[PDB]
Amino acid sequence: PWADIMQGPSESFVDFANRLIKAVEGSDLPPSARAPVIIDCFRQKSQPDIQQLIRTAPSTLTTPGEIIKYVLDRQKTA
Amino acid sequence: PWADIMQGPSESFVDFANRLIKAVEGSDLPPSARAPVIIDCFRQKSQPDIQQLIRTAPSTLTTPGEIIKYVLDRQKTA
Amino acid sequence: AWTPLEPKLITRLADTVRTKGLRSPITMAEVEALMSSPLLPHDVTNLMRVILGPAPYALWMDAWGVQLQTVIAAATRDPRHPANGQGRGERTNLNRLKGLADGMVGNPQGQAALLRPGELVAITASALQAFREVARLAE
Amino acid sequence: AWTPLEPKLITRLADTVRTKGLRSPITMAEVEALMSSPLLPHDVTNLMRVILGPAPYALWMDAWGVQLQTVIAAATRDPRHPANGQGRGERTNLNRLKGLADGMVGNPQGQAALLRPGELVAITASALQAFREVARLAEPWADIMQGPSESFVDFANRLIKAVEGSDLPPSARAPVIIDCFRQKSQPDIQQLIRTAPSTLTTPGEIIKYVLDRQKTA
Amino acid sequence: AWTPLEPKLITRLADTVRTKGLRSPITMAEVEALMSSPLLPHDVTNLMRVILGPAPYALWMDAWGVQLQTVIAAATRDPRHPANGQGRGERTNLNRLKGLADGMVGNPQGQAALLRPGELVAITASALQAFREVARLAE
Amino acid sequence: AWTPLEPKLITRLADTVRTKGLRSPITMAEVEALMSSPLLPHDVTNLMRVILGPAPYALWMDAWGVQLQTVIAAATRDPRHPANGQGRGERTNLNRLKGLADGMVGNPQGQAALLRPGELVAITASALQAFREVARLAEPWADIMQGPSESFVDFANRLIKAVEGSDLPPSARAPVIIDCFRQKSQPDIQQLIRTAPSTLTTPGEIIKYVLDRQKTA
Amino acid sequence: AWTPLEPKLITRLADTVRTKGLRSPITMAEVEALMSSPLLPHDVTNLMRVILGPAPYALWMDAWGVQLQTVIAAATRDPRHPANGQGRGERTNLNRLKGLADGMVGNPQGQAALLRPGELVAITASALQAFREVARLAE
Amino acid sequence: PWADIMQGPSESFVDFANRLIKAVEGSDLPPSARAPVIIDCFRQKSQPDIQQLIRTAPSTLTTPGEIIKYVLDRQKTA
Amino acid sequence: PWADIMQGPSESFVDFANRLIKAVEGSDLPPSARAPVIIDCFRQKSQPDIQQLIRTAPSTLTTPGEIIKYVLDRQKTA
Amino acid sequence: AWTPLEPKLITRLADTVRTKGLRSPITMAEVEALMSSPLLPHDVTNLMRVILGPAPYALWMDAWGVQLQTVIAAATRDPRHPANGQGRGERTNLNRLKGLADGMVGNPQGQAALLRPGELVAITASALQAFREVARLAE
């Protein structure tokens with residue numbers, strides 16, 4: 152179930168994005184509703200450090216690929 | 152007095168913008184000096200979280216309405 | 010002939026926006042009610058000046074301009090716009106939509122004289138969409 | 010006539026990407042191999058759908074679009090593009106490159122019918138460059157030190173790997189590798205390189221010199 | 010037309026180099042096998058990038074450059090090189106041998122277009138000798 | 010007619026070299042100042058004899074000879090050198106450049122008589138380049157870390173100093189400074205730079221960003 | 010003919026910057042004093058190299074580049090720039106402003122030869138504004 | 152006296168070279184005998200680490216400047 | 152036997168060169184194969200100090216006499 | 010007519026070199042003694058073959074060649090060399106000095122026939138200087 156996917160405390164972001172995109176594209180949603188759902192799940196899941204990282208984006212991110220690129224650039228190396 | 156207006160620690164941004172625009176437009180400034188003053192007061196008042204949010208704007212904001220829209224988009228939901 | 014909206018209705022709508030907010034369905038219904046007859050740019054501009062605060066009014070001016078620009082792009086993409094005419098001399102500029110054209114600045118009577126009904130309904134729909142955007146943005 | 014790529018080769022390439030990763034030179038060689046004949050947008054799209062995960066696939070779609078847009082800018086900057094024609098009626102739109110044009114959406118046969126060979130090779134080169142970008146993006153040289161017990165060839169291997177697989181320009185790798193050999197590589201080898209009667213101006217020469225005169229232990 | 014080497018053969022050769030080493034006669038035989046047809050600079054460069062580690066790859070780049078320079082000295086010492094031509098306009102520069110010349114950088118198709126068969130066999134023999142040197146040097 | 014340089018200016022320049030060193034930008038500016046008018050070999054030779062110590066003077070003689078030899082190679086490679094003439098009888102030998110030719114040894118008046126203005130400016134530029142080489146030679153960036161208690165502007169100053177006063181090419185300093193800001197500069201600032209919503213592509217921009225968002229303490 | 014600035018004045022200005030700082034009005038007055046005659050890119054570059062530390066010098070190079078780019082945008086926005094000419098062959102590129110053009114790199118004499126007085130005064134004003142920005146930024 | 156000059160255990164090489172060249176050029180030797188004496192004093196003074204560094208020179212150094220350059224290149228940083 | 156000749160730990164280099172050249176010239180090799188063999192025996196015999204001394208030769212030594220001269224110049228006096 | 014040196018004197022000189030060494034003043038005096046009459050290349054070559062060991066003999070061949078080359082450079086720098094003649098047909102090549110010219114290889118009689126006395130004294134002085142160099146180099 153896509154709506155139950157959370158980014159674990161120790162999980163990296165690319166694994167979380169892979170799992171989420173997999174569960175959203177392999178589901179019962181229409182094809183035209185996958186990108187907005189993936190974006191809004193990146194924003195509300197993806198534990199509050201990345202949540203604030205996406206929130207304070209000086210540019211407007213309108214695509215899952217752009218969000219992934221931005222987060223991978225500005226992520227907290229740890 | 153417009154130059155004494157600060158965004159309180161607990162005040163929202165739309166209330167601060169309303170108060171500031173009110174005090175600037177209902178003052179003794181010429182009509183052609185209100186927009187630059189409102190912008191530069193958004194930048195220097197509006198406590199340092201929003202200050203840094205406006206500073207790191209990938210686009211150049213040249214209007215109080217555009218600054219308000221940008222800040223409302225990327226503000227820290229709390 | 011131009012007839013202004015009742016200040017009683019405008020006061021009631023302003024208090025509705027003040028208590029219920031911008032996004033409540035009752036507020037949008039009231040706005041749709043006061044957005045029934047095609048309004049002149051003067052009417053909608055003063056209405057939003059009265060019912061909205063300063064910062065929402067700035068946001069609404071921005072959004073209204075953007076929506077009117079989209080309308081004018083669609084108009085130059087189709088010469089059969091109810092605001093346009095058949096010849097090139099009836100093409101509608103943004104100065105005529107925002108009420109900035111010659112013979113219209115500050116004068117609602119002249120505004121009502123030169124404007125087309127298609128112009129009025131396009132301006133009205135644009136203002137309604139801009140209000141929706143700003144309401145979704147403010148809260 | 011359109012012929013699909015073998016699912017056996019695609020399965021082997023997918024497992025290669027799964028075990029070796031996106032950035033290994035063997036993986037890039039395999040991709041270059043399966044990128045030999047000019048592919049139709051359908052082929053490359055399905056190939057990247059199968060071999061890449063969901064998030065790398067999104068990144069790759071983005072990068073492919075950007076590279077195709079650069080190609081179309083160069084095409085409108087030169088009417089002699091092998092994808093273009095001489096008249097204005099042969100100008101190639103991005104709907105025709107991404108396979109979105111009329112008579113192409115979802116149909117590989119019609120795609121192969123209307124597309125030009127120059128179009129195919131441009132799409133293919135764009136997809137290869139996008140794959141390179143995403144591979145460099147999906148997965152630090154200045155933090156590499158030679159351990160107290162580590163040999164010198166292992167340290168050199170690790171350092172050259174991290175420097176060549178990084179964001180430096182190609183013309184800045186050799187000087188950085190040399191200056192990292194000189195300042196890292198614990199003070200015995202530091203003094204060994206410092207007191208070199210000859211001037212060493214290449215990482216290979218430094219490696220050879222150090223391997224010759226190293227303290228056998 | 011350029012055809013790439015099979016990644017299956019390259020993977021098998023890489024594992025051979027990984028288990029047997031660089032200097033075993035079986036490894037040199039396998040390299041001679043995959044060095045049968047004249048390869049373009051792109052092919053040999055990617056092959057050595059994949060089968061060799063980082064430090065042996067640096068050593069091999071050095072040795073390949075030195076051997077190609079010896080070849081170019083012999084070429085300027087004899088205008089009848091199978092890479093050269095009769096006139097001075099066909100003289101082969103190191104940018105054309107290393108694949109750095111115009112129309113070749115990063116493009117294997119254009120590479121295969123402009124290169125001569127004598128150029129290809131000279132590059133291939135140079136790369137083989139450089140591999141032998143590096144293998145004798147690494148262990 | 011030959012006029013000597015003021016011993017007062019020479020004494021001030023010698024004390025400048027004594028206190029600031031050979032490589033300070035103020036010292037190079039002062040040398041450029043006293044290198045304004047084209048000097049005769051006698052002038053430059055005595056100047057370097059006075060301002061430089063014995064060992065730097067030996068190094069400078071070597072470097073000056075090498076640079077003059079490069080100049081003479083370029084001169085025999087082009088008969089239109091401002092030191093050369095059109096016929097072969099005006100070709101300039103190194104004895105004429107170093108002041109060793111006939112009628113010049115030890116005599117500055119005869120020197121000024123026979124020398125060309127192009128000869129003088131070539132000698133002067135050669136001497137300046139030789140001084141630069143010796144200064145860079147007479148007196152490590154990859155070992156610089158930001159101390160636990162050190163501020164960021166001090167660390168940036170130290171790092172930029174050590175990177176610009178090193179053996180790197182000019183086109184490799186900015187990327188190295190950036191990548192050293194990112195990997196040095198203890199993990200608080202490392203994470204501050206990592207989580208930059210904008211892409212910082214210049215040391216000045218990185219410094220400005222860090223100074224804005226730094227943890228006041 | 011190019012004449013260098015006195016190292017005595019430069020030493021005094023450097024010590025002024027060292028004791029008073031970058032932002033004191035006396036320091037800005039001294040800089041305006043040494044910024045009186047139009048300087049060549051070589052002069053200003055060496056001056057800022059000597060008086061400023063490493064990090065302020067990096068900041069100043071950045072700011073100077075940005076201000077020169079604004080100047081070149083204004084120059085392409087007006088063909089009557091005192092640095093420009095009337096025809097298109099006198100358009101001034103940033104390589105000519107920063108001293109990077111052909112015949113100027115490292116040579117102040119050739120620099121002074123090819124540069125225009127309008128070029129010199131524009132470079133000087135740009136450098137002064139950049140110094141002001143960096144001084145306001147450093148402290 | 153030039154023939155009594157030794158490189159101290161803690162002294163750098165450029166200071167030793169400066170002192171030696173000073174004492175040799177400011178002495179009673181003929182001008183044509185200074186360079187060979189400076190070279191042979193670099194070789195026999197200049198404590199045995201630099202002595203061995205000069206001894207094992209793959210090239211032949213025939214000038215004090217060349218010896219100084221070589222030693223400065225290959226010296227033991229400490 | 153020439154291929155069994157090593158430079159002893161205490162032996163000087165001229166004695167080793169004499170012994171090696173004697174054994175190589177008084178052997179069954181062709182006359183055109185003596186110089187390369189003598190050179191390659193200087194390089195691989197002649198205990199690792201002189202081996203490294205010959206290896207790090209800035210010039211290319213292509214004759215036994217030149218190698219002998221170079222080694223005698225730059226040898227470690229002991 | 011060529012007369013060989015006494016093997017008794019050569020044996021005594023060889024034992025002198027064996028006991029006293031190459032650099033003793035008595036050894037140099039003895040060499041000067043046996044270097045009194047101008048010797049043919051054959052004589053000096055065999056003398057150095059007998060008195061010197063293998064490695065000093067190689068060094069001496071090198072040094073003798075270098076000194077003879079300096080002599081031939083001075084000879085082409087002055088057409089009045091006692092080895093040269095006035096016309097260009099008497100110019101002395103190194104094959105004639107080292108005894109490698111035609112009619113001289115291995116034959117001392119023909120050597121003595123074609124050689125000039127200036128040639129002989131130049132060869133002798135060159136050999137003496139080469140012996141001095143090698144003696145200073147060996148120990």
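Chains as they are written, first to last, in the entry's author numbering: chain A, 152 to 229; chain I, 152 to 229; chain J, 10 to 148; chain B, 10 to 148, 152 to 229; chain C, 10 to 148; chain E, 10 to 148, 152 to 229; chain F, 10 to 148; chain D, 152 to 229; chain G, 152 to 229; chain H, 10 to 148. Just so you know, even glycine gets a beta-carbon here, dropped at the ideal spot from N, CA and C.
Can you check whether the CB of residue j is closer than 8 Å to the CB of residue i?
i, j, result
"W11(F)", "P126(F)", "no"
"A184(A)", "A64(B)", "no"
"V222(E)", "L204(E)", "yes"
"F140(F)", "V40(F)", "yes"
"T101(J)", "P47(J)", "no"
"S210(E)", "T207(I)", "yes"
Considering only residues of the same chain and omitting the five flanking positions on each side of residue i, which have a CB-CB separation below 8 Å?
i, result
"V59(B)", "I19 and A23"
"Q195(A)", "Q202"
"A229(A)", "none"
What are the boundary residues of the alpha helix (DSSP H) that residue i is part of?
i, result
"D24(H)", "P16 to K29"
"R32(C)", "Taken as a continuous stretch (DSSP letters only), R32(C) belongs to no alpha helix (DSSP H), as it is neither H nor E."
"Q198(I)", "Segment: none, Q198(I) is in no alpha helix (DSSP H) and carries neither H nor E."
"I219(G)", "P215 to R225"
"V130(J)", "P126 to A147"
"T101(F)", "Run containing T101(F): none; DSSP gives neither H nor E here."
"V80(H)", "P63 to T85"
"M57(H)", "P50 to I60"
"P152(B)", "Careful: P152(B) lies outside any alpha helix (DSSP H) and carries neither H nor E."
"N116(H)", "Here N116(H) belongs to no alpha helix (DSSP H), and DSSP marks it neither H nor E."
What's the gap between the Cα of residue i and the Cα of residue j?
i, j, result
"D224(G)", "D191(D)", "14 Å"
"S178(D)", "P187(G)", "51 Å"
"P91(H)", "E128(H)", "7 Å"
"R86(H)", "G94(H)", "13 Å"
"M157(I)", "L77(J)", "35 Å"
"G119(J)", "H51(J)", "11 Å"
"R89(H)", "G98(H)", "13 Å"
"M113(H)", "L49(H)", "10 Å"
"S33(E)", "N55(F)", "11 Å"
"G62(H)", "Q226(B)", "36 Å"
"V80(E)", "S135(E)", "8 Å"
"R21(H)", "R170(G)", "23 Å"
"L103(H)", "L137(H)", "17 Å"
"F193(E)", "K29(F)", "29 Å"
"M44(J)", "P13(J)", "13 Å"
"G216(G)", "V130(H)", "25 Å"
Excluding sequence positions up to five away, which residues of its chain have a Cβ less than 6 Å from the Cβ of residue i?
i, result
"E142(C)", "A72"
"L68(J)", "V143"
"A121(C)", "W11 and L49"
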